[PDB]
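The next block holds one structure in the form of structure tokens; read it before the comments.
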Amino acid sequence: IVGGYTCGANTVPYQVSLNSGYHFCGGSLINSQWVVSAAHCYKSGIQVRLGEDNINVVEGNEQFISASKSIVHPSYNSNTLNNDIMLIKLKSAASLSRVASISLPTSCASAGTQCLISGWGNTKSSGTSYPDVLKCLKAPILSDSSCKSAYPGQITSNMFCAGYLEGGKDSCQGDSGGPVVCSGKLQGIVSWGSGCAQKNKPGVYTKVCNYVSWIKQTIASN
Amino acid sequence: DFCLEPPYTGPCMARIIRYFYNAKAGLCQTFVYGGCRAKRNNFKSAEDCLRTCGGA
Ligand SMILES: [Ca+2]
């Protein structure tokens, strides 16, 4: 997260860290045994870390649970990045105020909606600086038109842009798979962009409201 | 020669550590890969990197 602020310990209870010997992606807890993240974050040997604030020191509120199954959307396209969503089943159920699940959306959010984006990704647009603690950012959802203007022929109906055209505030490496929460509902998943916090290049997110039925049924039959 | 190409992080926002052959240093080094659209000078281990590109 570039241009954000320190969230404060366990103030984003649904935020998870995907660990493979080190933090490589974020994710959101949607129920005691399931996590949603990005499809490009698929990796073998994933350990999910819940209740984290400082990802470098054991603070006592953590729960490290291995993934038993990782389900990448059947239509995920690694070239176009369309359908960049994945479900991770925990090997055991997490014990749910410092660890809680986030609600799925009943409807899609409109342009202008203010959302909270969180993650342990790079905090520098030009440079490298990974934080110990969780960072937060409030950014508005942008209209489909402007999103398509920023990324010609790359935006599908399953993607939305959020951020500031001026730049300076955005998600970055290390944030992929993390949550974009608006009005208490999970609306997006950090996915891709052109650099971080660049002017006229807002971040691109997976539009969760289009996958709700797939998520509910997939979770139930696995 | 793809072994001579600089490392490519790509457009995705992950922080995945991979290896690339650094022809200047004559060795495989680590870099941050974003998770998608990998070019060929991108390996999961130093051994794979040295086998494919070593000595380029
Ligand atoms: Ca910790």
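Going through the structure tokens in order, the chains are called A, B, and so on, while each chain numbers its residues from 1 and the ligands are numbered from 1 in the order shown.
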Discussion item. Going by DSSP on the backbone, which residues of stretch 4-215 of chain A come out as strand (DSSP E)? List them as a PyMOL selection string.
Written reply: chain A and resi 5-6+15-19+23-31+34-37+47-50+63-72+86-90+114-119+135-140+159-162+179-182+185-192+203-207
Worksheet item: Can you tell me, as a VMD selection string, what residues are no more than 12 Å from residue B:47 when counting only C-alpha atoms, ignoring any on the same chain fewer than 6 positions away?
Response: chain B and resid 18 to 21 27 to 29 53 to 54
Discussion item. Taking 6 positions as the minimum chain separation for residues in the same chain, which residues sit within 12 Å of residue A:60 when counting only C-alpha atoms? Answer as number ranges by chain.
Written reply: A: 9-10, 50-54, 98
Practice prompt. For each of A:40, A:73, A:49, A:207, take the minimum atom-to-atom distance to ligand 1, counting only C-alpha atoms and all ligand atoms, then give the residue where this is smallest.
Written response: A:49
Fill in: Residue hits in chain A, query chain B, radius 8 Å, only C-alpha atoms, as a ChimeraX atom specification
/A:23-25,40-41,78-79,121,171-177,190-195
Practice prompt. Excluding residue A:2 and residues on its chain fewer than 4 positions from it, collect all residues at most 9 Å away from it, counting only C-alpha atoms, and give them as a PyMOL selection string.
Written response: chain A and resi 121-125+135+137+168-172+196-197
Output C-alpha atoms for every residue in that selection, as a PDB file, in the first residue's frame.
```pdb
ATOM      1  CA  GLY A 121       2.762  -4.802   0.243  1.00  0.00           C
ATOM      2  CA  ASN A 122       5.386  -2.283  -0.895  1.00  0.00           C
ATOM      3  CA  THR A 123       4.845   1.241   0.450  1.00  0.00           C
ATOM      4  CA  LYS A 124       6.998   3.011  -2.190  1.00  0.00           C
ATOM      5  CA  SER A 125       5.951   3.891  -5.743  1.00  0.00           C
ATOM      6  CA  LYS A 135      -1.322  -0.688   6.043  1.00  0.00           C
ATOM      7  CA  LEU A 137      -5.994   3.000   2.264  1.00  0.00           C
ATOM      8  CA  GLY A 168       0.393   8.682  -4.922  1.00  0.00           C
ATOM      9  CA  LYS A 169      -2.160   6.358  -3.261  1.00  0.00           C
ATOM     10  CA  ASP A 170      -2.474   2.749  -4.498  1.00  0.00           C
ATOM     11  CA  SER A 171      -1.902  -0.962  -3.808  1.00  0.00           C
ATOM     12  CA  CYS A 172       1.477  -2.452  -4.780  1.00  0.00           C
ATOM     13  CA  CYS A 196       2.154   1.520  -8.266  1.00  0.00           C
ATOM     14  CA  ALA A 197       0.648   4.909  -7.525  1.00  0.00           C
TER      15      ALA A 197
END
```
Item to complete: Kindly indicate which residue among A:133, A:66, A:83, A:30 lies nearest to ligand 1, using only C-alpha atoms and all ligand atoms for the distances.
Response: A:133
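Shortest atom-to-atom contact with ligand 1 among A:134, A:7, A:93, A:102: A:134, counting only C-alpha atoms and all ligand atoms.
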Worksheet item: How would you write, as a VMD selection string, the set of residues in chain B that DSSP gives as alpha helix (DSSP H)?
Response: chain B and resid 46 to 53
Using N, CA and C atoms, can you write the selected residues to a file as a PDB file, in the first residue's frame?
```pdb
ATOM      1  N   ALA B  46      17.500 -21.598  -7.863  1.00  0.00           N
ATOM      2  CA  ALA B  46      18.792 -21.266  -8.439  1.00  0.00           C
ATOM      3  C   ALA B  46      19.291 -22.407  -9.325  1.00  0.00           C
ATOM      4  N   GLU B  47      18.958 -23.647  -8.966  1.00  0.00           N
ATOM      5  CA  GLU B  47      19.423 -24.807  -9.735  1.00  0.00           C
ATOM      6  C   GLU B  47      18.836 -24.816 -11.126  1.00  0.00           C
ATOM      7  N   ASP B  48      17.547 -24.494 -11.239  1.00  0.00           N
ATOM      8  CA  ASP B  48      16.893 -24.457 -12.547  1.00  0.00           C
ATOM      9  C   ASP B  48      17.520 -23.346 -13.383  1.00  0.00           C
ATOM     10  N   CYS B  49      17.744 -22.214 -12.730  1.00  0.00           N
ATOM     11  CA  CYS B  49      18.344 -21.064 -13.377  1.00  0.00           C
ATOM     12  C   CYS B  49      19.748 -21.388 -13.925  1.00  0.00           C
ATOM     13  N   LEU B  50      20.602 -21.991 -13.100  1.00  0.00           N
ATOM     14  CA  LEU B  50      21.944 -22.339 -13.539  1.00  0.00           C
ATOM     15  C   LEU B  50      21.940 -23.377 -14.647  1.00  0.00           C
ATOM     16  N   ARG B  51      21.014 -24.331 -14.590  1.00  0.00           N
ATOM     17  CA  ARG B  51      20.934 -25.366 -15.618  1.00  0.00           C
ATOM     18  C   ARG B  51      20.551 -24.775 -16.969  1.00  0.00           C
ATOM     19  N   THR B  52      19.546 -23.906 -16.973  1.00  0.00           N
ATOM     20  CA  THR B  52      19.075 -23.280 -18.202  1.00  0.00           C
ATOM     21  C   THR B  52      19.976 -22.171 -18.743  1.00  0.00           C
ATOM     22  N   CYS B  53      20.386 -21.255 -17.871  1.00  0.00           N
ATOM     23  CA  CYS B  53      21.175 -20.095 -18.282  1.00  0.00           C
ATOM     24  C   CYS B  53      22.636 -20.016 -17.929  1.00  0.00           C
TER      25      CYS B  53
END
```
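Comparing A:1, A:29, A:18, A:58 by their smallest distance to ligand 1, the closest is A:58 (using only C-alpha atoms and all ligand atoms).
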